[PDB]
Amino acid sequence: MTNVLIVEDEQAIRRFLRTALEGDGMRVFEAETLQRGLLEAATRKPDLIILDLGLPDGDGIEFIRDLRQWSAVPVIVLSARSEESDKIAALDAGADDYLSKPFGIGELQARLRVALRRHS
């Protein structure tokens, strides 16, 4: 199936995304830290990464910076921040999309499809 990795410390968000993506027939992998997410990214061959930017071991922009040295996998970022400067930095660092919370699952799903079609 399509493999999606979620990198997010916040347990409720992880569970919420996993249930939504599994129900659309995707295989979901999870990591709770930036460092573990990078390990899983290299391990699991995700077709897409949904990355929360507020992680306990660093700003998620550092995940993108590291990841982009060795992977072109699509990345959709999530943030509690709506600040324009944050959106610009994350996209310019290599994110493919950015959704500020709160957001609807339906929009996330549509944006997931764009990111997956384009790489197909």
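Start at 1 with the first residue shown and count on from there.
For this session: Using only the Cα atoms and their B-factors as the entry lists them, report which of 6-14 and 20-28 averages higher.
Result: According to the PDB entry, the answer is 20-28.
For this session: Using only the Cα atoms and their B-factors as the entry lists them, report which of 45-53 and 75-83 averages higher.
Result: Stretch with the higher mean C-alpha B-factor: 75-83.
For this session: Just say lowest, middle or highest third for the CA B-factor of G94 relative to the other modelled residues in its chain.
Result: Lowest third, going by the recorded CA B-factors of the chain.
Exercise. If you rank every modelled residue in this chain by C-alpha B factor, which third holds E40: lowest, middle or highest?
Worked result: Answer is middle: the recorded C-alpha B-factor places it there.
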